[PDB]
Amino acid sequence: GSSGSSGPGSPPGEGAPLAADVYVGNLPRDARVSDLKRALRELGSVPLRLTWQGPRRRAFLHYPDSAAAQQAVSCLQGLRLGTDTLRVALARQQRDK
């Protein structure tokens with residue numbers, strides 16, 4: 001074997017909006033909320049609320065607090081349904097009225 005190095009450094013979580021909403025796009029043609037839910041369940045990534053859209057092919061996971069979200073995301077990452085690789089990433093947008 002061979003090892004002996006660290007790799008610290010993670011997107012801080014203080015001061016910025018407590019937006020604990022994860023964005024999910026690039027869903028199959030006729031994807032089913034279940035398909036996604038299941039994976040989330042087994043992955044212990046079950047949020048309080050989940051907004052799934054059909055014709056729009058989008059999904060929004062609402063976690064209790066940022067922490068909960070972050071942890072989940074890292075896990076969700078990579079996960080894909082079929083051939084297409086779902087586009088999962090913390091929902092962030094600068095929309096100021």
# chains A, B, ... in the order shown; residues from 1 in each chain; ligands from 1
>>> residues_around(residues="residue 24 of chain A", least_positions_apart="3", cutoff="12 Å", atoms="only C-alpha atoms", output="MDAnalysis selection string")
chainID A and resid 21 27:28 33 36 50:53 56:62 73 76:77 79:80 85:92
>>> write_last_selection(atoms="N, CA and C atoms", output="mmCIF file, in the first residue's frame")
data_model
loop_
_atom_site.group_PDB
_atom_site.id
_atom_site.type_symbol
_atom_site.label_atom_id
_atom_site.label_comp_id
_atom_site.auth_asym_id
_atom_site.auth_seq_id
_atom_site.Cartn_x
_atom_site.Cartn_y
_atom_site.Cartn_z
ATOM 1 N N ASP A 21 -32.298 23.768 -0.152
ATOM 2 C CA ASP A 21 -33.049 23.188 -1.259
ATOM 3 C C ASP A 21 -32.107 22.654 -2.333
ATOM 4 N N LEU A 27 -34.274 14.656 -15.905
ATOM 5 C CA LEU A 27 -34.989 13.429 -15.571
ATOM 6 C C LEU A 27 -35.446 12.705 -16.833
ATOM 7 N N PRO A 28 -35.495 11.367 -16.762
ATOM 8 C CA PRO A 28 -35.916 10.529 -17.890
ATOM 9 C C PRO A 28 -37.167 11.068 -18.576
ATOM 10 N N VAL A 33 -41.583 9.719 -9.831
ATOM 11 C CA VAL A 33 -41.149 10.188 -8.520
ATOM 12 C C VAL A 33 -40.607 9.038 -7.678
ATOM 13 N N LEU A 36 -36.971 7.966 -7.979
ATOM 14 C CA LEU A 36 -36.099 8.885 -7.256
ATOM 15 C C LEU A 36 -36.226 8.685 -5.749
ATOM 16 N N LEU A 50 -40.763 17.099 -1.017
ATOM 17 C CA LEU A 50 -40.143 16.890 -2.321
ATOM 18 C C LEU A 50 -41.080 17.321 -3.445
ATOM 19 N N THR A 51 -40.649 18.312 -4.221
ATOM 20 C CA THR A 51 -41.449 18.817 -5.330
ATOM 21 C C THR A 51 -41.021 18.183 -6.649
ATOM 22 N N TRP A 52 -41.809 17.225 -7.123
ATOM 23 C CA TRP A 52 -41.511 16.540 -8.375
ATOM 24 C C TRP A 52 -42.421 17.033 -9.494
ATOM 25 N N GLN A 53 -41.831 17.301 -10.656
ATOM 26 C CA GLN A 53 -42.590 17.780 -11.805
ATOM 27 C C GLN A 53 -42.452 16.824 -12.986
ATOM 28 N N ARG A 56 -42.216 19.100 -16.744
ATOM 29 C CA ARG A 56 -41.051 19.947 -16.519
ATOM 30 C C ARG A 56 -39.802 19.101 -16.288
ATOM 31 N N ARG A 57 -39.998 17.890 -15.779
ATOM 32 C CA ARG A 57 -38.888 16.985 -15.511
ATOM 33 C C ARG A 57 -37.904 17.609 -14.527
ATOM 34 N N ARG A 58 -38.420 18.066 -13.390
ATOM 35 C CA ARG A 58 -37.587 18.686 -12.367
ATOM 36 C C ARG A 58 -37.925 18.137 -10.984
ATOM 37 N N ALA A 59 -37.022 18.350 -10.033
ATOM 38 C CA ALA A 59 -37.225 17.878 -8.668
ATOM 39 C C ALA A 59 -36.516 18.780 -7.663
ATOM 40 N N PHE A 60 -37.218 19.127 -6.590
ATOM 41 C CA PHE A 60 -36.656 19.988 -5.555
ATOM 42 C C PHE A 60 -36.793 19.344 -4.179
ATOM 43 N N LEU A 61 -35.659 19.042 -3.557
ATOM 44 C CA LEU A 61 -35.651 18.423 -2.236
ATOM 45 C C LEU A 61 -35.451 19.470 -1.145
ATOM 46 N N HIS A 62 -36.411 19.555 -0.231
ATOM 47 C CA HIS A 62 -36.340 20.512 0.867
ATOM 48 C C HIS A 62 -35.915 19.825 2.161
ATOM 49 N N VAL A 73 -26.659 15.793 -0.725
ATOM 50 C CA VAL A 73 -26.082 16.095 -2.029
ATOM 51 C C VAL A 73 -24.871 15.213 -2.311
ATOM 52 N N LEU A 76 -26.066 11.949 -3.149
ATOM 53 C CA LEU A 76 -26.858 11.936 -4.374
ATOM 54 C C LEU A 76 -25.959 12.001 -5.604
ATOM 55 N N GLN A 77 -24.973 12.891 -5.564
ATOM 56 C CA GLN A 77 -24.043 13.052 -6.675
ATOM 57 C C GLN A 77 -23.735 11.708 -7.326
ATOM 58 N N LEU A 79 -25.196 9.439 -8.683
ATOM 59 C CA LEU A 79 -26.424 8.677 -8.888
ATOM 60 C C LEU A 79 -27.125 9.109 -10.172
ATOM 61 N N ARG A 80 -27.497 8.134 -10.994
ATOM 62 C CA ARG A 80 -28.178 8.413 -12.252
ATOM 63 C C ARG A 80 -29.198 7.324 -12.572
ATOM 64 N N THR A 85 -27.437 10.992 -17.027
ATOM 65 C CA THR A 85 -26.935 11.324 -15.700
ATOM 66 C C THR A 85 -27.654 12.541 -15.129
ATOM 67 N N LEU A 86 -28.570 12.297 -14.196
ATOM 68 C CA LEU A 86 -29.327 13.374 -13.569
ATOM 69 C C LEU A 86 -28.405 14.507 -13.131
ATOM 70 N N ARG A 87 -28.885 15.739 -13.262
ATOM 71 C CA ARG A 87 -28.103 16.909 -12.878
ATOM 72 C C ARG A 87 -28.488 17.386 -11.482
ATOM 73 N N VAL A 88 -27.828 16.833 -10.469
ATOM 74 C CA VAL A 88 -28.101 17.202 -9.086
ATOM 75 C C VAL A 88 -27.085 18.219 -8.578
ATOM 76 N N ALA A 89 -27.579 19.255 -7.908
ATOM 77 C CA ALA A 89 -26.713 20.297 -7.368
ATOM 78 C C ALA A 89 -27.509 21.288 -6.525
ATOM 79 N N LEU A 90 -26.917 21.724 -5.418
ATOM 80 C CA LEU A 90 -27.572 22.674 -4.525
ATOM 81 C C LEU A 90 -28.216 23.809 -5.314
ATOM 82 N N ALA A 91 -29.519 23.985 -5.129
ATOM 83 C CA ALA A 91 -30.254 25.037 -5.820
ATOM 84 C C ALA A 91 -29.787 26.418 -5.372
ATOM 85 N N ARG A 92 -29.181 27.160 -6.293
ATOM 86 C CA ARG A 92 -28.685 28.497 -5.991
ATOM 87 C C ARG A 92 -28.968 29.455 -7.145
#
>>> select_by_dssp(residues="segment 12-58 of chain A", states="strand (DSSP E or B)", output="list in words")
residues 21, 22, 23, 24, 25, 49, 50, 51, 52, 53 and 58 of chain A
>>> select_by_dssp(residues="chain A", states="helix (DSSP H, G or I)", output="list in words")
residues 33, 34, 35, 36, 37, 38, 39, 40, 41, 42, 66, 67, 68, 69, 70, 71, 72, 73, 74, 75 and 76 of chain A
>>> write_last_selection(atoms="N, CA, C and O atoms", output="CSV table (one decimal), in the first residue's frame")
chain,number,residue,atom,x,y,z
A,33,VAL,N,-41.6,9.7,-9.8
A,33,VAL,CA,-41.1,10.2,-8.5
A,33,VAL,C,-40.6,9.0,-7.7
A,33,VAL,O,-39.6,9.2,-7.0
A,34,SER,N,-41.3,7.9,-7.7
A,34,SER,CA,-40.9,6.7,-6.9
A,34,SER,C,-39.4,6.4,-7.2
A,34,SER,O,-38.6,6.4,-6.3
A,35,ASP,N,-39.1,6.1,-8.4
A,35,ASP,CA,-37.7,5.8,-8.8
A,35,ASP,C,-36.7,6.7,-8.0
A,35,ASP,O,-35.8,6.1,-7.4
A,36,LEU,N,-37.0,8.0,-8.0
A,36,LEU,CA,-36.1,8.9,-7.3
A,36,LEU,C,-36.2,8.7,-5.7
A,36,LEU,O,-35.2,8.5,-5.1
A,37,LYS,N,-37.5,8.7,-5.3
A,37,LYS,CA,-37.7,8.6,-3.8
A,37,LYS,C,-37.0,7.4,-3.3
A,37,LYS,O,-36.1,7.5,-2.4
A,38,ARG,N,-37.2,6.2,-3.9
A,38,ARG,CA,-36.6,5.0,-3.4
A,38,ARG,C,-35.1,5.2,-3.2
A,38,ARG,O,-34.6,5.1,-2.0
A,39,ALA,N,-34.3,5.5,-4.2
A,39,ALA,CA,-32.9,5.8,-4.1
A,39,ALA,C,-32.6,6.7,-2.9
A,39,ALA,O,-31.7,6.5,-2.1
A,40,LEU,N,-33.5,7.7,-2.7
A,40,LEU,CA,-33.3,8.7,-1.6
A,40,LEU,C,-33.5,8.0,-0.3
A,40,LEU,O,-32.8,8.3,0.7
A,41,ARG,N,-34.5,7.1,-0.2
A,41,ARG,CA,-34.8,6.4,1.0
A,41,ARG,C,-33.6,5.5,1.4
A,41,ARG,O,-33.1,5.6,2.5
A,42,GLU,N,-33.2,4.6,0.5
A,42,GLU,CA,-32.1,3.7,0.8
A,42,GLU,C,-30.8,4.5,1.1
A,42,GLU,O,-29.9,4.0,1.9
A,66,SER,N,-29.5,23.4,6.1
A,66,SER,CA,-28.4,23.2,5.1
A,66,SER,C,-27.6,22.0,5.4
A,66,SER,O,-27.5,21.1,4.5
A,67,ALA,N,-27.1,21.8,6.6
A,67,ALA,CA,-26.3,20.6,7.0
A,67,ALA,C,-26.9,19.4,6.4
A,67,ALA,O,-26.3,18.7,5.6
A,68,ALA,N,-28.2,19.1,6.7
A,68,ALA,CA,-28.9,17.9,6.2
A,68,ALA,C,-28.8,17.9,4.6
A,68,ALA,O,-28.5,16.8,4.1
A,69,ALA,N,-29.0,19.0,4.0
A,69,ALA,CA,-28.9,19.0,2.5
A,69,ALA,C,-27.5,18.7,2.0
A,69,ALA,O,-27.3,17.7,1.3
A,70,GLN,N,-26.5,19.5,2.4
A,70,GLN,CA,-25.2,19.2,2.0
A,70,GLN,C,-24.8,17.8,2.0
A,70,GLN,O,-24.5,17.2,1.0
A,71,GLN,N,-24.9,17.2,3.2
A,71,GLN,CA,-24.6,15.7,3.4
A,71,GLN,C,-25.3,14.9,2.3
A,71,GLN,O,-24.6,14.1,1.6
A,72,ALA,N,-26.6,15.1,2.1
A,72,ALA,CA,-27.3,14.4,1.1
A,72,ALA,C,-26.7,14.6,-0.3
A,72,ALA,O,-26.3,13.6,-0.9
A,73,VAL,N,-26.7,15.8,-0.7
A,73,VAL,CA,-26.1,16.1,-2.0
A,73,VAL,C,-24.9,15.2,-2.3
A,73,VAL,O,-24.9,14.4,-3.2
A,74,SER,N,-23.8,15.4,-1.5
A,74,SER,CA,-22.6,14.6,-1.7
A,74,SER,C,-22.9,13.2,-2.1
A,74,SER,O,-22.3,12.6,-3.0
A,75,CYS,N,-23.9,12.6,-1.4
A,75,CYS,CA,-24.3,11.3,-1.6
A,75,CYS,C,-25.0,11.1,-3.0
A,75,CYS,O,-24.7,10.3,-3.8
A,76,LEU,N,-26.1,11.9,-3.1
A,76,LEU,CA,-26.9,11.9,-4.4
A,76,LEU,C,-26.0,12.0,-5.6
A,76,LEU,O,-26.2,11.3,-6.6
>>> atom_distance(atom1="atom CA of residue 65 of chain A", atom2="atom CA of residue 10 of chain A")
16.8 Å
